[PDB]
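Written out below as structure tokens is the structure these notes cover.
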Amino acid sequence: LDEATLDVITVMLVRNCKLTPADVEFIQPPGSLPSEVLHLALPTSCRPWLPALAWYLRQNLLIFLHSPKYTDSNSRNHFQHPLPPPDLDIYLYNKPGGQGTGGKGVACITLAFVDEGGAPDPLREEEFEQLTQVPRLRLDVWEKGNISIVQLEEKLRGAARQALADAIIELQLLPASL
């Protein structure tokens, strides 16, 4: 019945994913500590423009993982929010079928920073991979199925390695008058 429920949830989450709080609890029990808590380290040069980077990362993650809006206009037992701060940032990822079978992965992530947000010398190869290559961003997941994290850690390593380049080019190289 676990496989049946996982397949049903995966089918429902294909396009609309108008889920139920029961489905959310099934995906992640309210109290089951995350299976894969990890930390991502960012260069210290990115300290001054943290909130812009937050917006760029929020925009860039939506490439493959979608936001949750299941069935409710109330936040009563909607999603567990470790260190929440009206505003929430949680994202669900659905695993695809692979090989001949085995797509039964649906995970919830509620990553934030180790800190909180309350507030040039040119460029080129010396700083290309010394400012974008990888202030911490702890990320934790609730793996209900077969997530197989050998293709998920990189799935957000790049997704944050590009939100850096985009932020820098929009912030530094853009306002230069021709």
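We label chains A, B, ... in the order they appear in the structure tokens, count residues from 1 in each chain, and number ligands from 1 in the order shown.
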
Give the strand (DSSP E) residues of chain A, as DSSP finds them on the backbone, and put them as a list in words.
->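 So the strand (DSSP E) residues in chain A would be residues 38, 39, 40, 41, 91, 92, 93, 94, 105, 106, 107, 108, 109, 136, 137, 138, 139, 144 and 145 of chain A.
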
Writing out the chosen residues with N, CA and C atoms as an mmCIF file, in the first residue's frame:
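Heads up, here's the output in again-v6.cif:
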```cif
data_model
loop_
_atom_site.group_PDB
_atom_site.id
_atom_site.type_symbol
_atom_site.label_atom_id
_atom_site.label_comp_id
_atom_site.auth_asym_id
_atom_site.auth_seq_id
_atom_site.Cartn_x
_atom_site.Cartn_y
_atom_site.Cartn_z
ATOM 1 N N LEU A 38 21.754 18.495 5.219
ATOM 2 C CA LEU A 38 23.071 18.824 4.701
ATOM 3 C C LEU A 38 23.260 20.340 4.698
ATOM 4 N N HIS A 39 24.485 20.775 4.418
ATOM 5 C CA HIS A 39 24.800 22.198 4.425
ATOM 6 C C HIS A 39 25.531 22.551 3.140
ATOM 7 N N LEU A 40 25.242 23.735 2.604
ATOM 8 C CA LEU A 40 25.897 24.255 1.413
ATOM 9 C C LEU A 40 26.676 25.506 1.787
ATOM 10 N N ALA A 41 27.928 25.576 1.347
ATOM 11 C CA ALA A 41 28.827 26.666 1.703
ATOM 12 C C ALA A 41 28.981 27.620 0.528
ATOM 13 N N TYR A 91 9.515 23.619 -0.724
ATOM 14 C CA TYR A 91 9.455 23.185 -2.113
ATOM 15 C C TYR A 91 9.398 21.668 -2.183
ATOM 16 N N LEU A 92 8.578 21.146 -3.092
ATOM 17 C CA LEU A 92 8.440 19.707 -3.261
ATOM 18 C C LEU A 92 9.054 19.252 -4.576
ATOM 19 N N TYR A 93 9.728 18.108 -4.530
ATOM 20 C CA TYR A 93 10.355 17.504 -5.695
ATOM 21 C C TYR A 93 9.805 16.103 -5.910
ATOM 22 N N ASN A 94 9.462 15.797 -7.158
ATOM 23 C CA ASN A 94 8.931 14.497 -7.537
ATOM 24 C C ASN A 94 9.927 13.776 -8.434
ATOM 25 N N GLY A 105 9.708 8.652 -5.798
ATOM 26 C CA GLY A 105 10.293 9.630 -4.906
ATOM 27 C C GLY A 105 9.555 10.950 -4.867
ATOM 28 N N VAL A 106 9.129 11.356 -3.671
ATOM 29 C CA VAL A 106 8.514 12.662 -3.455
ATOM 30 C C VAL A 106 9.046 13.224 -2.144
ATOM 31 N N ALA A 107 9.741 14.358 -2.214
ATOM 32 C CA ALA A 107 10.428 14.920 -1.060
ATOM 33 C C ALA A 107 10.036 16.376 -0.852
ATOM 34 N N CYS A 108 10.115 16.815 0.404
ATOM 35 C CA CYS A 108 9.839 18.191 0.795
ATOM 36 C C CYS A 108 11.099 18.811 1.383
ATOM 37 N N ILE A 109 11.422 20.028 0.946
ATOM 38 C CA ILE A 109 12.628 20.737 1.356
ATOM 39 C C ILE A 109 12.230 22.098 1.908
ATOM 40 N N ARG A 136 26.148 30.136 5.188
ATOM 41 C CA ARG A 136 25.778 28.781 4.811
ATOM 42 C C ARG A 136 24.285 28.726 4.522
ATOM 43 N N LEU A 137 23.894 27.718 3.735
ATOM 44 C CA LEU A 137 22.503 27.484 3.378
ATOM 45 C C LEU A 137 22.176 26.018 3.677
ATOM 46 N N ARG A 138 21.712 25.759 4.896
ATOM 47 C CA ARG A 138 21.361 24.401 5.287
ATOM 48 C C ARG A 138 20.088 23.956 4.581
ATOM 49 N N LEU A 139 20.120 22.743 4.036
ATOM 50 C CA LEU A 139 18.979 22.190 3.324
ATOM 51 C C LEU A 139 18.687 20.802 3.869
ATOM 52 N N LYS A 144 10.545 10.234 1.187
ATOM 53 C CA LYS A 144 9.551 9.170 1.309
ATOM 54 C C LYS A 144 9.520 8.392 -0.004
ATOM 55 N N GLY A 145 10.447 7.448 -0.128
ATOM 56 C CA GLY A 145 10.521 6.617 -1.314
ATOM 57 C C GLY A 145 11.944 6.305 -1.723
#
```

Residues within 10 Å of residue A:88, only C-alpha atoms, excluding chain neighbours under 5 positions, as a ChimeraX atom specification | /A:79,81,110

Contacts of residue A:23 at 12 Å (only C-alpha atoms; same-chain gap of 6+ positions) as a VMD selection string | chain A and resid 5 to 6 8 to 10 12 to 13 17 29 to 30 68 to 71 77 to 79 106 to 108 144

Kindly save the residues from that selection, with N, CA, C and O atoms included, as a PDB file, in the first residue's frame.
```
ATOM      1  N   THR A   5       0.250   4.146  -2.711  1.00  0.00           N
ATOM      2  CA  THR A   5       0.077   5.550  -2.355  1.00  0.00           C
ATOM      3  C   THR A   5       1.133   6.423  -3.021  1.00  0.00           C
ATOM      4  O   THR A   5       0.832   7.534  -3.475  1.00  0.00           O
ATOM      5  N   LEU A   6       2.377   5.943  -3.083  1.00  0.00           N
ATOM      6  CA  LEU A   6       3.431   6.710  -3.738  1.00  0.00           C
ATOM      7  C   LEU A   6       3.138   6.894  -5.220  1.00  0.00           C
ATOM      8  O   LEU A   6       3.319   7.989  -5.765  1.00  0.00           O
ATOM      9  N   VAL A   8       0.162   6.842  -6.640  1.00  0.00           N
ATOM     10  CA  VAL A   8      -0.980   7.745  -6.760  1.00  0.00           C
ATOM     11  C   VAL A   8      -0.540   9.192  -6.576  1.00  0.00           C
ATOM     12  O   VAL A   8      -0.956  10.085  -7.327  1.00  0.00           O
ATOM     13  N   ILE A   9       0.309   9.448  -5.579  1.00  0.00           N
ATOM     14  CA  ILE A   9       0.784  10.806  -5.330  1.00  0.00           C
ATOM     15  C   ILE A   9       1.622  11.301  -6.500  1.00  0.00           C
ATOM     16  O   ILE A   9       1.515  12.462  -6.910  1.00  0.00           O
ATOM     17  N   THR A  10       2.477  10.434  -7.050  1.00  0.00           N
ATOM     18  CA  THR A  10       3.298  10.825  -8.190  1.00  0.00           C
ATOM     19  C   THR A  10       2.436  11.158  -9.400  1.00  0.00           C
ATOM     20  O   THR A  10       2.718  12.116 -10.128  1.00  0.00           O
ATOM     21  N   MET A  12      -0.697  12.224  -9.286  1.00  0.00           N
ATOM     22  CA  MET A  12      -1.439  13.449  -9.001  1.00  0.00           C
ATOM     23  C   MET A  12      -0.541  14.678  -9.068  1.00  0.00           C
ATOM     24  O   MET A  12      -1.009  15.782  -9.368  1.00  0.00           O
ATOM     25  N   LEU A  13       0.754  14.507  -8.797  1.00  0.00           N
ATOM     26  CA  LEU A  13       1.653  15.653  -8.722  1.00  0.00           C
ATOM     27  C   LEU A  13       2.229  15.995 -10.089  1.00  0.00           C
ATOM     28  O   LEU A  13       3.102  16.863 -10.207  1.00  0.00           O
ATOM     29  N   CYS A  17      -1.306  18.898  -8.944  1.00  0.00           N
ATOM     30  CA  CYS A  17      -0.929  18.526  -7.582  1.00  0.00           C
ATOM     31  C   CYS A  17      -1.766  19.297  -6.557  1.00  0.00           C
ATOM     32  O   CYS A  17      -1.257  19.921  -5.623  1.00  0.00           O
ATOM     33  N   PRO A  29       5.891  12.684   7.597  1.00  0.00           N
ATOM     34  CA  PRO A  29       5.207  12.612   8.891  1.00  0.00           C
ATOM     35  C   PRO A  29       5.526  13.828   9.740  1.00  0.00           C
ATOM     36  O   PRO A  29       6.674  14.299   9.760  1.00  0.00           O
ATOM     37  N   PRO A  30       4.544  14.360  10.463  1.00  0.00           N
ATOM     38  CA  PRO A  30       4.791  15.559  11.274  1.00  0.00           C
ATOM     39  C   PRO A  30       5.586  15.251  12.531  1.00  0.00           C
ATOM     40  O   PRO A  30       5.019  15.096  13.617  1.00  0.00           O
ATOM     41  N   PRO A  68       4.339  24.159  -3.350  1.00  0.00           N
ATOM     42  CA  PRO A  68       3.134  23.454  -2.889  1.00  0.00           C
ATOM     43  C   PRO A  68       1.963  24.408  -2.693  1.00  0.00           C
ATOM     44  O   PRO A  68       2.102  25.464  -2.071  1.00  0.00           O
ATOM     45  N   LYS A  69       0.805  24.035  -3.239  1.00  0.00           N
ATOM     46  CA  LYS A  69      -0.479  24.648  -2.900  1.00  0.00           C
ATOM     47  C   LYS A  69      -1.549  23.567  -3.066  1.00  0.00           C
ATOM     48  O   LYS A  69      -2.105  23.380  -4.150  1.00  0.00           O
ATOM     49  N   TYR A  70      -1.839  22.850  -1.982  1.00  0.00           N
ATOM     50  CA  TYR A  70      -2.586  21.609  -2.134  1.00  0.00           C
ATOM     51  C   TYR A  70      -4.096  21.808  -2.192  1.00  0.00           C
ATOM     52  O   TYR A  70      -4.701  21.651  -3.256  1.00  0.00           O
ATOM     53  N   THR A  71      -4.721  22.158  -1.059  1.00  0.00           N
ATOM     54  CA  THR A  71      -6.175  22.348  -1.102  1.00  0.00           C
ATOM     55  C   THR A  71      -6.696  23.401  -0.132  1.00  0.00           C
ATOM     56  O   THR A  71      -7.920  23.552  -0.052  1.00  0.00           O
ATOM     57  N   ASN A  77      -1.581  22.868  10.018  1.00  0.00           N
ATOM     58  CA  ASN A  77      -0.896  21.617   9.712  1.00  0.00           C
ATOM     59  C   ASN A  77      -0.640  21.481   8.215  1.00  0.00           C
ATOM     60  O   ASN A  77      -0.812  20.398   7.646  1.00  0.00           O
ATOM     61  N   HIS A  78      -0.228  22.573   7.573  1.00  0.00           N
ATOM     62  CA  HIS A  78       0.056  22.553   6.134  1.00  0.00           C
ATOM     63  C   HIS A  78       1.423  21.918   5.891  1.00  0.00           C
ATOM     64  O   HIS A  78       1.535  20.919   5.175  1.00  0.00           O
ATOM     65  N   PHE A  79       2.467  22.491   6.486  1.00  0.00           N
ATOM     66  CA  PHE A  79       3.816  21.971   6.335  1.00  0.00           C
ATOM     67  C   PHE A  79       4.636  22.338   7.562  1.00  0.00           C
ATOM     68  O   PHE A  79       4.488  23.428   8.121  1.00  0.00           O
ATOM     69  N   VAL A 106       9.129  11.356  -3.671  1.00  0.00           N
ATOM     70  CA  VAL A 106       8.514  12.662  -3.455  1.00  0.00           C
ATOM     71  C   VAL A 106       9.046  13.224  -2.144  1.00  0.00           C
ATOM     72  O   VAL A 106       8.829  12.642  -1.075  1.00  0.00           O
ATOM     73  N   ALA A 107       9.741  14.358  -2.214  1.00  0.00           N
ATOM     74  CA  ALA A 107      10.428  14.920  -1.060  1.00  0.00           C
ATOM     75  C   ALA A 107      10.036  16.376  -0.852  1.00  0.00           C
ATOM     76  O   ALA A 107       9.676  17.082  -1.798  1.00  0.00           O
ATOM     77  N   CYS A 108      10.115  16.815   0.404  1.00  0.00           N
ATOM     78  CA  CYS A 108       9.839  18.191   0.795  1.00  0.00           C
ATOM     79  C   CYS A 108      11.099  18.811   1.383  1.00  0.00           C
ATOM     80  O   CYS A 108      11.762  18.195   2.224  1.00  0.00           O
ATOM     81  N   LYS A 144      10.545  10.234   1.187  1.00  0.00           N
ATOM     82  CA  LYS A 144       9.551   9.170   1.309  1.00  0.00           C
ATOM     83  C   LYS A 144       9.520   8.392  -0.004  1.00  0.00           C
ATOM     84  O   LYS A 144       8.691   8.627  -0.884  1.00  0.00           O
TER      85      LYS A 144
END
```

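With only C-alpha atoms as the atoms that count, the residue of A:22, A:178, A:63, A:168 with the shortest distance to residue A:46 is A:168.
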
Select, from A:153, A:163, A:73, A:101, the residue with the minimum atom-to-atom distance to residue A:21, counting only C-alpha atoms.
-> A:73

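Using only C-alpha atoms, the smallest distance between any of A:4, A:174, A:24, A:37 and residue A:149 comes from A:37.
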
List the neighbours of residue A:85 out to 10 Å using only C-alpha atoms; skip same-chain residues closer than 2 positions along the sequence, and give me the result as a PyMOL selection string.
-> chain A and resi 81-83+87-89+112+116-117

Near residue A:123, within 10 Å and counting only C-alpha atoms, which residues show up once chain neighbours fewer than 5 positions away are dropped, as JSON, numbers by chain?
-> {"A": [128, 172, 173]}

Atom-to-atom span, atom CA of residue A:133 and atom CA of residue A:120, Å |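 Between atom CA of residue A:133 and atom CA of residue A:120 the gap is 20.1 Å.
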